[PDB]
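For reference, the structure is listed below as structure tokens.
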Amino acid sequence: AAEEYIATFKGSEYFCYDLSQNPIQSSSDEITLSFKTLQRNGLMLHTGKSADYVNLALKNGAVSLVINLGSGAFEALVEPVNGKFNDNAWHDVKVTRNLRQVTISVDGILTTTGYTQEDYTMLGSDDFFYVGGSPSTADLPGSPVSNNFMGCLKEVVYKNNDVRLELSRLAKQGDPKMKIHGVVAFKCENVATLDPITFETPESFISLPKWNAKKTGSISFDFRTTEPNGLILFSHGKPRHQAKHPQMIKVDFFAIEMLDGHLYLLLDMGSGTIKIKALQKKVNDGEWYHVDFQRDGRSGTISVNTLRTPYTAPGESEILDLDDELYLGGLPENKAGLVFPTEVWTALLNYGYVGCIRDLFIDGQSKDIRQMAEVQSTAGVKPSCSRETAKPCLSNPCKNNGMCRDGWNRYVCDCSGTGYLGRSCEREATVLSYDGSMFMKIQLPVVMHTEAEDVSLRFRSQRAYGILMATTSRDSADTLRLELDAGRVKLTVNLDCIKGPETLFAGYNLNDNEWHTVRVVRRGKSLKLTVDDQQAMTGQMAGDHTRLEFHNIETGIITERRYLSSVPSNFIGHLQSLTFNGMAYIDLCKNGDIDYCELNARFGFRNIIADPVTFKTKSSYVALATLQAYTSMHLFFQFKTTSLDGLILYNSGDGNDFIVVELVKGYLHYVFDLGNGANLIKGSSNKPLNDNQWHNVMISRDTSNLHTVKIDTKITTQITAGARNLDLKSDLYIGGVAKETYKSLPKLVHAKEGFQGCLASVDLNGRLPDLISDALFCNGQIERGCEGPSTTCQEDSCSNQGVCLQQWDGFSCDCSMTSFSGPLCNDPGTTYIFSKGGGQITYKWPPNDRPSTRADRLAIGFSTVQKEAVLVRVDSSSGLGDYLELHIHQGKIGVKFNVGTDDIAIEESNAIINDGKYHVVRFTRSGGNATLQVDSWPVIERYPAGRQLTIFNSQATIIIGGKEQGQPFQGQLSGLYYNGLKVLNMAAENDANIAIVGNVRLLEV
Ligand SMILES: *[C@@H]1O[C@H](CO)[C@@H](O[C@@H]2O[C@H](CO)[C@@H](O[C@@H]3O[C@H](CO)[C@@H](O)[C@H](O)[C@@H]3O)[C@H](O)[C@H]2NC(C)=O)[C@H](O)[C@H]1NC(C)=O
Ligand SMILES: *[C@@H]1O[C@H](CO)[C@@H](O)[C@H](O)[C@H]1O
């Protein structure tokens, strides 16, 4: 009721006066108020729908006036001249309008004047008068800010010649026409400033509370960074099924990210996405930028520093139905139920934001974001903004040549191309060996789909061909491959149809067996490829589709290739620091940080020798299919030999065309004619090479006709005449040729006898031939490996009556029935000591795994002084009766069993075994029949007469020790085998289904 009429606004409160009874009708009016505030942005007052309205606000520290009397708006802007309006002092505004002529005045001095357009002269408002705030702004015309006020307002008046509306007073005192949303004190209270926060690490985020606006709403905030990439705000909907070419999880979402400098609003309301670049200029200069995003249904505006951009979502979709958390500064990892959509490139590239943020408003209301950061207890956030003293890279904090780069308050290091990893490149990175028959496949947990990727890795090979990395999909031909092709690195992106694959090449002579570093960056249609620190190669894919489906990431071999009928060759070499969208897969695999890893490659560097093969005679050779000619040639192989003369390779063509590799007086000769005549390049070594060590040999002829012979570490290069390289004709001979052929080989070839020794790692212009299997013909004997012939079975190969079996790589010993473990059944096998008092081990088959067999077999080792004891006992289920039992009775071993007819017993009467020394017993059953053997006595075998049941139904438990049967065993037992189960071992490995009970201890040796 009192002298002067003041009110305090805090961003959630506003007045709202109903003009509908008494419309404003003004051909001349006057507006007056004093404000007090610290905020760059806030709505003081507004009135009007339609094209008739007055809107007065503080907009980036200045006073912003828009009037429109119906035929065009007037727009004024008063700036402070020596100070700031948001200095938390009072400031007087006065608007005076006389027909079309507007005049505004801050503090009596600061003033401008102007006119509204065409010839309309009256303001007409039958709706609401809003003071201090609004329900929103995207529905309130000519409104530059969306933010509610945060300060004090007094003596707010609107008058004209007729009515006088003292809106400030009416508020305090109350009026049927007046309404106040929220709780407001009617003096001037101080409005707390909203402290800024910094996002120090990418991964630091915050959960903001749910954005409620379905149709219409806003967000405003300020940011500051030199970081070119970072996801700022993101929220999404709830899975609505069916992207009708790949089968993804579709969802409603919106996002604000930074990519490569520029800032983007993304939005998708049901009918597809729209990516809108929110300002043409890069905005990572480290200056505070204000963003105001408001929307009214399917359209809306985004603004950066008073510069607006209209946007429309495609479709007929008016509602953006967000549901759960609203994210700020980055996203949470391994959070169940979160979908990273493909269009938000940052999300899936793991580019969290780093940099300052402040003054967050949602739907007009201000939000204390420092406050949330203390309640959530979020790591990686600090409560300030400090554009720091000195770039951090000065300290040179990045070890082993890692490229430093200055970010917002942190050094950032790129340690690809250094063999290390980790923030500052201190953790040395795992290496992987492949011998052409090895792979390493990362089957991801869930089907990815990406529009952008970073993919980097290091390689090293003597081969000029082979797959480095490739993404594969169980459902299509889609891939992103790097491979070596003719000494070059070849990126290939291919996306299934429904005009073909897009390729990009980089670098040369890279099969030098020094490391190289490949770097791929894709961003939709844009491809970019850099080898080592050469010049980046770019390419722009044609074709409108850009989305890549992939279930797994492969190296070494491309295993997943249903739809391809042909594939790059397997890899021979070493990889390091494979990194895919932030993920260091090799390193994560070795350390066991991920389940979904599958490989038969090996960790750590090793001089590779790929599929060695022995040519036992000189006259031993094999014929392969013709060398594929044609443009350029890259031959590689290695060899071991005691002999100083022999022909290793031969293939001829039309006329005098041929190519040959031979060993002559221990030195390696390359010899050929490609239409100019016969030529000879000698391989460079000092010593003869028949030194029984392994040597590397690489012959090549590029399309510039430059021939290279390498031997171990030393190149020799030479030029040759420019003759169109031509098809070869004959079979390709390796290790020799036919006997009569030596009499008429090209003069200038020396050899009169074939190669004898080993050959390994044969690469024939991209082809890794199995020399034995892929052979078209063989002569003499060619055998696998380079270690002499493999061991074969003899009488005394295995021990303790173990069965010697022949395998491809030598013999083995089946120890099952022998009681002993180890390669030769000479090692002891797992033993349990049964001590005084009695005890018992018990296996219980899970209820639905109970085996019913037709033929059984069981073997055990033991020692005891007892005359009466039960040892092993297999019982069937309750109410079934079928069983099997091994026992000592009157000092002699015995076995008793039953499958559903009468009981059946075999005994060994001869061998006394209650003698304290080690014995072994073997039993077998087929139906009624059985056999029983002890140590090396002759087998006892029984056959009961007449009809006999034959299945041992529903085996339920296995009991060792006899205790239950009231005849406990004292002594030792080892090496129990029953129907494939090495039970005592399973006991010793704490098997889930074994309960040990009583005085039984394991003997650990
Ligand atoms: C338990 O052992 C008895 C006797 O060892 C098994 O019966 C016998 O099985 C053999 C081979 O299956 C029979 O040999 C015969 O040889 C001729 C000539 O090639 C062939 O044409 C016949 O058809 C037959 O296979 C033999 O007749 C048979 N003797 C009998 C039934 O008295 C019995 O199968 C074994 N039980 C189990 C469950 O393994
Ligand atoms: C280089 O600069 C950074 C400060 O961000 C510091 O962490 C290091 O100690 C210095 O090597």
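FYI, nothing fancy with the structure tokens labels: chains A, B, ... in order, residues from 1 per chain, ligands from 1 as they appear.
A distance search around ligand 1 (12 Å at most, only C-alpha atoms and all ligand atoms) returns the following protein and nucleic acid residues: residues 853, 854, 855, 856, 899, 924, 925, 926, 927, 928, 929, 930, 931, 941, 942, 943, 944, 945, 946, 947, 948, 949, 950, 951 and 952 of chain A.
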Exercise. Please, which residues have at least one atom within 12 Å of an atom of ligand 2, using only C-alpha atoms and all ligand atoms, listed as an NGL selection string?
Worked result: :A and (200-201 or 388-399 or 404-413 or 423-424)
Generate a file of the selected residues that holds C-alpha atoms, formatted as a PDB file, in the first residue's frame.
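Output (part-v7.pdb):
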```pdb
ATOM      1  CA  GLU A 200      38.326 -29.009 -17.650  1.00  0.00           C
ATOM      2  CA  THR A 201      38.235 -32.498 -19.251  1.00  0.00           C
ATOM      3  CA  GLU A 388      45.105 -18.774 -18.227  1.00  0.00           C
ATOM      4  CA  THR A 389      48.536 -17.105 -18.095  1.00  0.00           C
ATOM      5  CA  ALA A 390      50.667 -19.179 -20.479  1.00  0.00           C
ATOM      6  CA  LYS A 391      49.989 -21.854 -23.056  1.00  0.00           C
ATOM      7  CA  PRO A 392      50.687 -25.197 -21.380  1.00  0.00           C
ATOM      8  CA  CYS A 393      52.797 -26.690 -24.201  1.00  0.00           C
ATOM      9  CA  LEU A 394      55.751 -24.443 -23.304  1.00  0.00           C
ATOM     10  CA  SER A 395      56.622 -27.020 -20.567  1.00  0.00           C
ATOM     11  CA  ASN A 396      56.939 -29.545 -23.461  1.00  0.00           C
ATOM     12  CA  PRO A 397      54.903 -32.114 -21.524  1.00  0.00           C
ATOM     13  CA  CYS A 398      54.614 -34.695 -24.267  1.00  0.00           C
ATOM     14  CA  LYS A 399      57.166 -37.400 -24.259  1.00  0.00           C
ATOM     15  CA  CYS A 404      51.465 -30.890 -28.171  1.00  0.00           C
ATOM     16  CA  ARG A 405      48.590 -28.475 -28.717  1.00  0.00           C
ATOM     17  CA  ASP A 406      47.117 -25.788 -26.507  1.00  0.00           C
ATOM     18  CA  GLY A 407      43.521 -26.281 -25.343  1.00  0.00           C
ATOM     19  CA  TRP A 408      41.387 -24.512 -22.746  1.00  0.00           C
ATOM     20  CA  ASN A 409      43.554 -24.819 -19.584  1.00  0.00           C
ATOM     21  CA  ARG A 410      45.248 -28.062 -20.689  1.00  0.00           C
ATOM     22  CA  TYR A 411      47.898 -29.538 -22.963  1.00  0.00           C
ATOM     23  CA  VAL A 412      46.440 -32.000 -25.477  1.00  0.00           C
ATOM     24  CA  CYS A 413      48.654 -34.621 -27.059  1.00  0.00           C
ATOM     25  CA  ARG A 423      47.487 -38.301 -21.736  1.00  0.00           C
ATOM     26  CA  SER A 424      51.248 -37.431 -21.947  1.00  0.00           C
TER      27      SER A 424
END
```
Problem set entry | Which of stretch 686-817 of chain A fall in strand (DSSP E), as a PyMOL selection string | chain A and resi 695-701+706-711+714-719+732-734+757-764+777-779+782-784+803-807+810-814
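Of the residues listed (A:800, A:21, A:877, A:794), A:800 shows the shortest atom-to-atom separation from residue A:935; distances use only C-alpha atoms.
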Exercise. Residue A:52: which residues within 10 Å, counting only C-alpha atoms, same-chain residues fewer than 4 positions away excluded, as number ranges by chain?
Worked result: A: 47-48, 67-73, 122-125, 141-142
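For the choices A:605, A:694, A:615, A:580, the atom-to-atom distance to residue A:638 is smallest for A:694 when using only C-alpha atoms.
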For this session: Excluding residue A:672 and residues on its chain fewer than 5 positions from it, collect all residues at most 8 Å away from it, counting only C-alpha atoms, and give them as a list in words.
Result: residues 657, 658, 659, 660, 677, 678, 679 and 680 of chain A
